[PDB]
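Here is the structure we will look at, set down as structure tokens.
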Amino acid sequence: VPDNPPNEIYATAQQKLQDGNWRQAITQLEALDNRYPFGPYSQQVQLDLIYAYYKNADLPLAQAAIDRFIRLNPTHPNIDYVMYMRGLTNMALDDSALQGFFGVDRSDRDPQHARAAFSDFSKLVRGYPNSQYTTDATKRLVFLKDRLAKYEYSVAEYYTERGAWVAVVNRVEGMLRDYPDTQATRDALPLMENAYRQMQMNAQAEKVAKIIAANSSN
Amino acid sequence: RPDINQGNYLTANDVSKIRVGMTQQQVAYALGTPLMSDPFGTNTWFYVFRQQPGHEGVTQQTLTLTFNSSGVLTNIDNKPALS
Amino acid sequence: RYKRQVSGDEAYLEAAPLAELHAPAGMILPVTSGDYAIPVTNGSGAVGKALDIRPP
Amino acid sequence: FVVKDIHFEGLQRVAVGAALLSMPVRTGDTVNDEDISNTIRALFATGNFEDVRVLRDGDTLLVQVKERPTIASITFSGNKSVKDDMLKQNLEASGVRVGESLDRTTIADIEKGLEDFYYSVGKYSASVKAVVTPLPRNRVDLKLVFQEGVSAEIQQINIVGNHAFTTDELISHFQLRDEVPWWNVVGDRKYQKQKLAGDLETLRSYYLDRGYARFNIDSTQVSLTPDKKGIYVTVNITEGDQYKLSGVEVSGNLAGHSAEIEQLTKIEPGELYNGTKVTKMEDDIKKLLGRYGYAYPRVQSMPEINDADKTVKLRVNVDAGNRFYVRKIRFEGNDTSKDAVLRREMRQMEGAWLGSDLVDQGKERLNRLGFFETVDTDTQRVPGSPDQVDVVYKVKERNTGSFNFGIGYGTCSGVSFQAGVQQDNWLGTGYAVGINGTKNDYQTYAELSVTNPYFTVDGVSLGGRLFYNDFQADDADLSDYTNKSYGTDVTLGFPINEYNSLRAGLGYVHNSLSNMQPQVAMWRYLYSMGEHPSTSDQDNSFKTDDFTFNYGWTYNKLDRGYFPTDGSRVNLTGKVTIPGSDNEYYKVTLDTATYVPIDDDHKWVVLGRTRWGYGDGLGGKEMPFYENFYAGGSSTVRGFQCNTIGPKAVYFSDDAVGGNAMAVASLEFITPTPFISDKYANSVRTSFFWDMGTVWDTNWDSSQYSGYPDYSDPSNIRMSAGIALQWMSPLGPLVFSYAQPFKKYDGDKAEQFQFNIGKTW
Amino acid sequence: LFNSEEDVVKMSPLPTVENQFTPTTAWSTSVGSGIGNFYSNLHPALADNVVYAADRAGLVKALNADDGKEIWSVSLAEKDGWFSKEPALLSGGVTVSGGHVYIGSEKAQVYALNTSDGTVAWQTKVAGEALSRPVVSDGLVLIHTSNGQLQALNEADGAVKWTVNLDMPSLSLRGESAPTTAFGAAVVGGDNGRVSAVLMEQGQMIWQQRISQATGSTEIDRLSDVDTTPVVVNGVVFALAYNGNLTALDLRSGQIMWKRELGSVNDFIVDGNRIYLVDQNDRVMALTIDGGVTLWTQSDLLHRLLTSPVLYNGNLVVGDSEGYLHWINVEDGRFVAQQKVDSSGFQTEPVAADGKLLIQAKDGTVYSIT
């Protein structure tokens, strides 16, 4: 990479970002970080570095730079954008493979990334509730709650299959405690009603059948 | 080949320790904490001792405690084995 | 691997809405914690494949 | 006093506000005569400024300060045994990384820290030099030119003070070595620090296992040669006299299990005191107290030595903690494996009492799954409630796919290639796929396999296979016929006692015979099948399609996987054709191998191998000849040629076709090596053997071919005796054998020397 | 594969030569298996018209003073049967005062064998490996060991008389020495920078001294910090150190009189009012008696693993690793001659006494020079 006055290098960096090619743009943004680090427009350089990291699948450097920006600038006037960027960086990290196309569902892997994304988008939608990122954020939240509840339903399935009948009660009770309004729990109450019968505790099977029958079909 | 245990633990001596009218947390002092509870509003507790090793069938000592809104014990039920 | 671009791009994914669970007469639902509550919101931003993510 | 204005000269990259809020004096406040000493101390404590030059008067606080430059690139070269990444971690731990201001002084400390890291890896004569390159806007390029020098080796591992043993025996169990020849893979001559601290416990466990109780290591010593190459290791000991175990005694909060615990700690009187018996007893009391339902049982064991009659008294003190329950198992780290895979390897079920060893059994099973690089167990506490415990298994995975390759040489297989691809997590679901291909002198075998090791959740496994097989019999010293076959197998398998494994499956096969030379025993079966060609020329063909049914049993109780010394292995494989095909036969084969020791250290073993086989056709159709039995050559009875005992073919000679009844009984005697030094004499197995074999036909008739030797009489037992060696070389497994046929019959071959280099093919 | 990866550190080739002399190997007698590739101090010894050697397998020869034939040969191994032969590991010094040589070992033994027909007089056990030079002082064989136990044995019985316990670090660069006698005062090099001086009779430590500078984190400066061999001149004693200071100590006090920052693990010689030593980097210099100002600093043999100097006929003779003696003069330091001797090398001390030089090789071969 050659050296110039920095305005022309920022100009060709924006030119490389404009055409959709990213692998060259990250080098020029790093050159802006190196040759003139504390220049008068390093904020747009850092935010475009975040955008290039996200659009070119370089997720750990994206996490490092986004925690660096949340350390250095606590009250930037566009902190909602970098909050939304950390939210998308968490949620796009959840797939990280090619399994969505071949035909296998991914709702059985590590669920900690969706939990971190929920912890981000909660602060986003409850901190800056009149920004230009909220309406997509609530949709990502309502997808992520269902994706999180499918994990607990799909471990209660396995413990029904194994025969650890106290564990399915102690998991479906947690599912009814924490996600009381999703789609997975209304498909998980037959597991609890079948699980209470194999312990001969018939004083609660009528209760679970009442809470199923008072609802609709699905 | 499997081996599974399920539920709380009893000793067939701790069941001779609780009294009709025992205050709160003293059944938690002797029997230990409950592992599965009834969450739907009625303040009561369960105790299961399920174990089935080595293709021998199941066995169980299902114990049921029903409490008061205050915290004093009200009623017990000690099933020795499943029907 | 290099198939991270599918979720790396703005590929839209939508699912079913949430319905509050009913309650039969004679009992009560378990008390909810509230760690995963979704507040009511207004306004209309863009949705997937229509939202700019270029910083200003 | 106040200063009117502060002049700063030379601040370019750092901010004026940064320099003003760094030091406690600001632009024009109440000041003192400390600002000279402050500007000495403040700009030299942040690590950003080379030099200061100050002056103070009634008008201007005038400072000239240049800035320390910022690193642009930390580059390395010449790092042979070390890579750049952990060098970067050593630099970031040393204090200087990217985005830091150097001071042009501490580069000697960085070279010293690189010297300490090279001492930690085991290279002593290293020398590194830092190269500084200037660049404008206060930048430095940093280069580290290396000269690593020479690695270290261990000359001798000497032990002084031992009387009742020998110094060339205790080195055989050592992790370290001193000599390694050019025909063994016993280890390496490299030295490491913690290997010594792990090996002193191996020496202590050797001495605490044969009746020595007052044994006490005094001092260890590690010296090195003045040319910085050789390392001399010397450890002192002080051997005590032998001892015996007199009586035991228990005490503690035993939870009403005196008669329960007394039947375990009781042994017979008057035995040699051990170090494995006491620890196995301790762990057994731990396991029994866990199996009743206790969570964390503590058990201590102290001896008291009575040297007046060479006895010892063993006190054991139990301690039963209060019980614990598992409320939530949780897996954090599995990036691509399904959660239903990692929960069938947990012998602690959620919602039960906490077994302190069952978590460790789950950790060992997760290690044995082979998909994972490392696992990490832990234990937390749910707040508020005193006796509810979570358990977290963190995992870090591995690139699951592979690429294996192998060569081998034999005396009746020629060269042999084994190649293929094997994948053990197909998309991370538990399945295992593989494409395999083997080639030797005669048999070419190309198979594809797809298996699921958990059909249900109780260990039942299912597998499927598609296989192609080329058999050119003229290379394998038989009467010539060319057999090309292909088929599919679908099998089950499920364990029944964690030792005995059962299996059952179906299979379709298609066989094509051509280029088949005429004879009598093939053509009787060809008459019985009906399709009779003419006897004249070598041009013929036959096709067949079979539906099959396979069943099998496997008993495998051996004390090791390599060089066993105790136990048995019995395999039983049976095949029946089901009605719906051309051929109607059934075959049963049996393999028993028994290892029995007679000594105490398990170094004088008697080995037995029996190998039995029967088969026959049904309904009048004779059993086909391409499933015949062959016995002889490097596997059953050493000394003869490959596959050459039994009846002989009649052209219309002295060649073999096999038969349909096989009995082989071999007796081996394992002895220690008599010539090699005892430092590594446990990696070469020497044996003598006496072998019997017989293969005989049943459906032969003697009345119609009475000018020929009878083949329906299993009386011509072939006997042999020989000497075999077996070890591991850098080329792979090696087995050598020299036999001598001393009871053979008319029409057999002799091959006195016989060996197998590499893989078994 | 291992050659192309592991790099060569440093070397220097053979210099040229203008002979002025012809060294002729007169003896040329082998002893057996040889000391092998193990660093030790196993050098031959001269006694009354007789030479003695060793083998590090258990063999000890006995030869002439001018011919080179045996006069008695004794093995010291412990043979049990036709299928085994356990080595005895003779790796001490070789010395003789009272008609019976003393040979150290590695199995904590000190054999004592007579002159005429070699048999064992006594045999006892010390606290560890005994790799040092045995040395006599009014009787009282004074063995230094590798556990810091300066043990003392008597003459006709082989009994431990007293024992002084020194200190020891983790890493040592062959911590061993040889005691030196001065009026019943034994000065002894230690193992961690401490020169000691005890009484001969019962073992009272009179004083100690530290003469090696330590400026490391116990793994650079004390990566190795060991002294090798003191020697005594009138009043003042001199001692070396590895990576440290050549100093000079008074006998009663041990005060640091004058230093030179140097380093060695080999012997030296204090004949006349000069001192001739050998650096770690084989820079054979020559210093004054008290000043320490360098007289000459001829160093062409850098990183060649020299052994020791001697004083054969007004000339220093050093060893090498390639079997070459490198005869030098004294007043200038320039070379005199060179001589091919063996294709094995030397790690043992050349021994020059009674107008005779002789040297063992690394293969168990004894040579003498003119």
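Scheme for the structure tokens: letters A, B, ... for chains in order shown; per-chain residue numbers from 1; ligand numbers from 1 in order shown.
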
At a cut-off of 9 Å, can you tabulate as a Markdown table every residue of chain C near chain B together with its closest atom pair and the distance in Å to one decimal, using only C-alpha atoms and ordering rows by chain then number?
```
| residue | atom | partner | partner_atom | distance |
| --- | --- | --- | --- | --- |
| C:27 | CA | B:41 | CA | 6.3 |
| C:28 | CA | B:40 | CA | 5.6 |
| C:29 | CA | B:40 | CA | 5.7 |
| C:30 | CA | B:40 | CA | 5.5 |
| C:31 | CA | B:39 | CA | 8.5 |
```

Restricting the output to N, CA, C and O atoms, write the selected residues as an mmCIF file, in the first residue's frame.
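out18.cif written:
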```cif
data_model
loop_
_atom_site.group_PDB
_atom_site.id
_atom_site.type_symbol
_atom_site.label_atom_id
_atom_site.label_comp_id
_atom_site.auth_asym_id
_atom_site.auth_seq_id
_atom_site.Cartn_x
_atom_site.Cartn_y
_atom_site.Cartn_z
ATOM 1 N N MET C 27 -57.416 -22.252 38.721
ATOM 2 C CA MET C 27 -55.983 -22.305 38.967
ATOM 3 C C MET C 27 -55.361 -21.044 38.379
ATOM 4 O O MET C 27 -56.068 -20.113 37.983
ATOM 5 N N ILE C 28 -54.033 -21.011 38.320
ATOM 6 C CA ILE C 28 -53.314 -19.837 37.848
ATOM 7 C C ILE C 28 -52.063 -20.300 37.111
ATOM 8 O O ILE C 28 -51.514 -21.370 37.389
ATOM 9 N N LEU C 29 -51.656 -19.514 36.117
ATOM 10 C CA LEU C 29 -50.396 -19.738 35.434
ATOM 11 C C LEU C 29 -49.230 -19.466 36.382
ATOM 12 O O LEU C 29 -49.379 -18.721 37.354
ATOM 13 N N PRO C 30 -48.069 -20.080 36.143
ATOM 14 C CA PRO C 30 -46.895 -19.760 36.958
ATOM 15 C C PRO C 30 -46.447 -18.331 36.730
ATOM 16 O O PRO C 30 -46.649 -17.760 35.657
ATOM 17 N N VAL C 31 -45.852 -17.747 37.767
ATOM 18 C CA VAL C 31 -45.451 -16.347 37.704
ATOM 19 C C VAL C 31 -44.257 -16.199 36.763
ATOM 20 O O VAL C 31 -43.264 -16.929 36.860
#
```

Which residues of chain C have any atom within 7 Å of an atom in chain A when counting only C-alpha atoms, and what is the closest pair of atoms for each, with the distance in Å to one decimal? Order the rows by chain and rising number and write it as JSON lines.
```
{"residue": "C:1", "atom": "CA", "partner": "A:97", "partner_atom": "CA", "distance": 5.8}
{"residue": "C:3", "atom": "CA", "partner": "A:98", "partner_atom": "CA", "distance": 5.4}
{"residue": "C:4", "atom": "CA", "partner": "A:96", "partner_atom": "CA", "distance": 5.2}
{"residue": "C:5", "atom": "CA", "partner": "A:57", "partner_atom": "CA", "distance": 6.7}
{"residue": "C:7", "atom": "CA", "partner": "A:92", "partner_atom": "CA", "distance": 5.2}
{"residue": "C:8", "atom": "CA", "partner": "A:92", "partner_atom": "CA", "distance": 6.0}
{"residue": "C:14", "atom": "CA", "partner": "A:143", "partner_atom": "CA", "distance": 6.8}
{"residue": "C:15", "atom": "CA", "partner": "A:143", "partner_atom": "CA", "distance": 6.2}
{"residue": "C:18", "atom": "CA", "partner": "A:182", "partner_atom": "CA", "distance": 5.4}
{"residue": "C:19", "atom": "CA", "partner": "A:181", "partner_atom": "CA", "distance": 5.4}
{"residue": "C:20", "atom": "CA", "partner": "A:181", "partner_atom": "CA", "distance": 4.9}
{"residue": "C:21", "atom": "CA", "partner": "A:181", "partner_atom": "CA", "distance": 5.8}
{"residue": "C:22", "atom": "CA", "partner": "A:215", "partner_atom": "CA", "distance": 6.0}
{"residue": "C:23", "atom": "CA", "partner": "A:211", "partner_atom": "CA", "distance": 6.4}
{"residue": "C:24", "atom": "CA", "partner": "A:214", "partner_atom": "CA", "distance": 5.7}
{"residue": "C:30", "atom": "CA", "partner": "A:177", "partner_atom": "CA", "distance": 6.2}
{"residue": "C:31", "atom": "CA", "partner": "A:177", "partner_atom": "CA", "distance": 6.6}
{"residue": "C:32", "atom": "CA", "partner": "A:177", "partner_atom": "CA", "distance": 5.1}
{"residue": "C:33", "atom": "CA", "partner": "A:178", "partner_atom": "CA", "distance": 6.1}
{"residue": "C:36", "atom": "CA", "partner": "A:178", "partner_atom": "CA", "distance": 7.0}
{"residue": "C:44", "atom": "CA", "partner": "A:135", "partner_atom": "CA", "distance": 5.9}
{"residue": "C:45", "atom": "CA", "partner": "A:135", "partner_atom": "CA", "distance": 5.2}
{"residue": "C:46", "atom": "CA", "partner": "A:136", "partner_atom": "CA", "distance": 6.6}
{"residue": "C:47", "atom": "CA", "partner": "A:136", "partner_atom": "CA", "distance": 5.3}
{"residue": "C:55", "atom": "CA", "partner": "A:47", "partner_atom": "CA", "distance": 6.7}
```

Next item on the list: Identify, on the basis of only C-alpha atoms, every residue whose closest approach to residue E:309 does not exceed 7 Å; exclude the query and any residue fewer than 4 positions from it along the same chain; express the result as an MDAnalysis selection string.
Entry: chainID E and resid 268 316:318

Next, the residues of the selection above should be written as a PDB file, in the first residue's frame with N, CA, C and O atoms.
```
ATOM      1  N   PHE E 268      44.162 -24.336  35.076  1.00  0.00           N
ATOM      2  CA  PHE E 268      45.102 -23.289  34.715  1.00  0.00           C
ATOM      3  C   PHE E 268      46.409 -23.581  35.437  1.00  0.00           C
ATOM      4  O   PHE E 268      46.561 -24.622  36.081  1.00  0.00           O
ATOM      5  N   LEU E 316      53.127 -24.259  26.387  1.00  0.00           N
ATOM      6  CA  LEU E 316      51.796 -24.720  26.741  1.00  0.00           C
ATOM      7  C   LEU E 316      51.275 -25.637  25.648  1.00  0.00           C
ATOM      8  O   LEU E 316      51.427 -25.353  24.458  1.00  0.00           O
ATOM      9  N   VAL E 317      50.659 -26.737  26.060  1.00  0.00           N
ATOM     10  CA  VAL E 317      50.079 -27.705  25.141  1.00  0.00           C
ATOM     11  C   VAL E 317      48.608 -27.833  25.486  1.00  0.00           C
ATOM     12  O   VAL E 317      48.261 -28.159  26.627  1.00  0.00           O
ATOM     13  N   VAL E 318      47.744 -27.571  24.514  1.00  0.00           N
ATOM     14  CA  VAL E 318      46.311 -27.665  24.711  1.00  0.00           C
ATOM     15  C   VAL E 318      45.786 -28.849  23.913  1.00  0.00           C
ATOM     16  O   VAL E 318      46.485 -29.433  23.088  1.00  0.00           O
TER      17      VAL E 318
END
```

Notebook entry, point to check: Can you list, as a list in words, every residue of stretch 9-78 of chain B that DSSP puts in helix (DSSP H, G or I)?
Noted result: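 Restricting stretch 9-78 of chain B to helix (DSSP H, G or I) produces residues 14, 15, 16, 27, 28, 29 and 30 of chain B.
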
Expected file contents, prior selection, N, CA, C and O atoms, as an mmCIF file, in the first residue's frame:
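So part13.cif came out as:
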```
data_model
loop_
_atom_site.group_PDB
_atom_site.id
_atom_site.type_symbol
_atom_site.label_atom_id
_atom_site.label_comp_id
_atom_site.auth_asym_id
_atom_site.auth_seq_id
_atom_site.Cartn_x
_atom_site.Cartn_y
_atom_site.Cartn_z
ATOM 1 N N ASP B 14 -35.602 -40.652 57.510
ATOM 2 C CA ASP B 14 -36.037 -39.265 57.434
ATOM 3 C C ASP B 14 -37.552 -39.138 57.341
ATOM 4 O O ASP B 14 -38.114 -38.116 57.749
ATOM 5 N N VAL B 15 -38.230 -40.157 56.808
ATOM 6 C CA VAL B 15 -39.684 -40.136 56.754
ATOM 7 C C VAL B 15 -40.304 -40.309 58.132
ATOM 8 O O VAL B 15 -41.478 -39.978 58.328
ATOM 9 N N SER B 16 -39.547 -40.825 59.099
ATOM 10 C CA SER B 16 -39.992 -40.902 60.480
ATOM 11 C C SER B 16 -39.617 -39.663 61.280
ATOM 12 O O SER B 16 -39.735 -39.671 62.509
ATOM 13 N N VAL B 27 -38.501 -29.057 57.071
ATOM 14 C CA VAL B 27 -38.489 -30.174 56.140
ATOM 15 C C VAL B 27 -37.377 -29.985 55.120
ATOM 16 O O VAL B 27 -36.812 -30.962 54.619
ATOM 17 N N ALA B 28 -37.017 -28.735 54.817
ATOM 18 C CA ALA B 28 -35.847 -28.483 53.992
ATOM 19 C C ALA B 28 -34.557 -28.655 54.777
ATOM 20 O O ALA B 28 -33.488 -28.773 54.171
ATOM 21 N N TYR B 29 -34.634 -28.663 56.108
ATOM 22 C CA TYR B 29 -33.447 -28.891 56.921
ATOM 23 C C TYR B 29 -33.112 -30.374 57.018
ATOM 24 O O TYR B 29 -31.935 -30.747 57.036
ATOM 25 N N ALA B 30 -34.131 -31.231 57.079
ATOM 26 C CA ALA B 30 -33.937 -32.665 57.248
ATOM 27 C C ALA B 30 -34.014 -33.431 55.934
ATOM 28 O O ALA B 30 -33.079 -34.156 55.588
#
```

Next item on the list: Report the distance between atom CA of residue D:652 and atom CA of residue D:536 in Å, rounded to one decimal place.
Entry: 8.8 Å

Notebook entry, point to check: Neighbours of stretch 396-405 of chain D within 12 Å (only C-alpha atoms; same-chain residues fewer than 2 positions away dropped), as a ChimeraX atom specification?
Noted result: /D:331-337,366-367,369-376,393-394,407-408,416-428,430-438,758-759

When you look at residue A:191 with a cut-off of 10 Å (counting only C-alpha atoms), what residues show up, excluding the ones that are within fewer than 2 positions of it in the same chain? I need them as a PDB file with C-alpha atoms, in the first residue's frame.
```pdb
ATOM      1  CA  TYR A 153     -37.975 -27.971  23.825  1.00  0.00           C
ATOM      2  CA  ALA A 156     -36.856 -31.976  26.765  1.00  0.00           C
ATOM      3  CA  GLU A 157     -37.570 -34.163  23.729  1.00  0.00           C
ATOM      4  CA  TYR A 159     -35.003 -36.518  28.048  1.00  0.00           C
ATOM      5  CA  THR A 160     -38.482 -37.839  27.264  1.00  0.00           C
ATOM      6  CA  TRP A 165     -38.847 -38.195  33.893  1.00  0.00           C
ATOM      7  CA  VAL A 168     -38.635 -33.154  31.611  1.00  0.00           C
ATOM      8  CA  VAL A 169     -40.859 -31.737  34.353  1.00  0.00           C
ATOM      9  CA  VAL A 172     -41.005 -27.734  30.820  1.00  0.00           C
ATOM     10  CA  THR A 185     -44.285 -24.304  24.670  1.00  0.00           C
ATOM     11  CA  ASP A 187     -46.184 -27.945  21.460  1.00  0.00           C
ATOM     12  CA  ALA A 188     -44.312 -29.022  24.607  1.00  0.00           C
ATOM     13  CA  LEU A 189     -47.214 -29.451  27.037  1.00  0.00           C
ATOM     14  CA  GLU A 193     -48.733 -34.449  30.377  1.00  0.00           C
ATOM     15  CA  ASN A 194     -47.127 -37.713  29.269  1.00  0.00           C
ATOM     16  CA  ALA A 195     -44.368 -37.230  31.842  1.00  0.00           C
ATOM     17  CA  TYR A 196     -46.664 -36.795  34.831  1.00  0.00           C
TER      18      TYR A 196
END
```

Next item on the list: Write out as a PyMOL selection string each polymer residue whose atoms come within 12 Å of residue A:162, counting only C-alpha atoms; drop sequence neighbours fewer than 2 positions from it.
Entry: (chain A and resi 155-160+164-168+195) or (chain B and resi 2-6) or (chain D and resi 340+343-344+346-347+349-350+456-459)

Next item on the list: May I have the residues of chain B within 12 Å of chain D, counting only C-alpha atoms, written as a VMD selection string?
Entry: chain B and resid 1 to 11 13 25 28 to 36 47 to 51 53 to 55

Next item on the list: Could you give me the residues within chain B that DSSP places in strand (DSSP E or B), as a ChimeraX atom specification?
Entry: /B:3-7,37,44-47,49-53,59,63-67,73-78

For the residues selected in the previous step, produce a file with C-alpha atoms as a PDB file, in the first residue's frame.
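Everything below was put into result-v9.pdb:
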```
ATOM      1  CA  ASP B   3     -28.226 -46.938  34.417  1.00  0.00           C
ATOM      2  CA  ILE B   4     -30.445 -44.041  35.504  1.00  0.00           C
ATOM      3  CA  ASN B   5     -31.536 -42.400  38.750  1.00  0.00           C
ATOM      4  CA  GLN B   6     -34.328 -39.856  39.056  1.00  0.00           C
ATOM      5  CA  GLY B   7     -35.594 -37.426  41.632  1.00  0.00           C
ATOM      6  CA  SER B  37     -42.661 -28.710  42.876  1.00  0.00           C
ATOM      7  CA  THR B  44     -47.359 -28.152  47.783  1.00  0.00           C
ATOM      8  CA  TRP B  45     -44.228 -30.256  47.377  1.00  0.00           C
ATOM      9  CA  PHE B  46     -43.300 -33.623  45.908  1.00  0.00           C
ATOM     10  CA  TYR B  47     -40.531 -36.118  46.569  1.00  0.00           C
ATOM     11  CA  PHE B  49     -37.105 -41.656  44.521  1.00  0.00           C
ATOM     12  CA  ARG B  50     -37.183 -43.288  41.098  1.00  0.00           C
ATOM     13  CA  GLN B  51     -34.455 -45.766  40.193  1.00  0.00           C
ATOM     14  CA  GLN B  52     -34.279 -48.555  37.612  1.00  0.00           C
ATOM     15  CA  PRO B  53     -30.866 -50.193  37.175  1.00  0.00           C
ATOM     16  CA  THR B  59     -39.143 -48.736  41.969  1.00  0.00           C
ATOM     17  CA  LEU B  63     -44.024 -38.791  48.870  1.00  0.00           C
ATOM     18  CA  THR B  64     -46.457 -35.868  48.809  1.00  0.00           C
ATOM     19  CA  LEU B  65     -46.630 -32.887  51.163  1.00  0.00           C
ATOM     20  CA  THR B  66     -49.444 -30.331  51.011  1.00  0.00           C
ATOM     21  CA  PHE B  67     -48.834 -27.097  52.879  1.00  0.00           C
ATOM     22  CA  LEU B  73     -47.448 -28.301  57.186  1.00  0.00           C
ATOM     23  CA  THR B  74     -50.982 -29.577  56.671  1.00  0.00           C
ATOM     24  CA  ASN B  75     -51.061 -33.052  55.134  1.00  0.00           C
ATOM     25  CA  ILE B  76     -48.700 -35.833  54.069  1.00  0.00           C
ATOM     26  CA  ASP B  77     -49.098 -38.894  51.850  1.00  0.00           C
ATOM     27  CA  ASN B  78     -46.502 -41.680  51.782  1.00  0.00           C
TER      28      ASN B  78
END
```

Checklist line | Who sits within 10 Å of residue A:79, only C-alpha atoms, same chain under 6 positions skipped, as a PyMOL selection string | finding: chain A and resi 69-70+73+85+124+128

Please produce a file of the residues just selected, as a compact mmCIF listing (two decimals), in the first residue's frame, where the atoms kept are C-alpha atoms.
```txt
# COMPACT_ATOMS: atom_id res chain seq x y z
CA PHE A 69 -15.42 1.71 20.24
CA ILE A 70 -17.77 1.08 23.16
CA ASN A 73 -16.70 6.64 22.95
CA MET A 85 -24.00 -3.49 14.71
CA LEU A 124 -31.18 -1.19 22.29
CA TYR A 128 -33.14 4.56 22.38
```

Next item on the list: Find, counting only C-alpha atoms, the residue in A:170, A:24, A:217, A:43 that gets nearest to chain D.
Entry: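 Checking each of A:170, A:24, A:217, A:43 against chain D, counting only C-alpha atoms, the winner is A:170.
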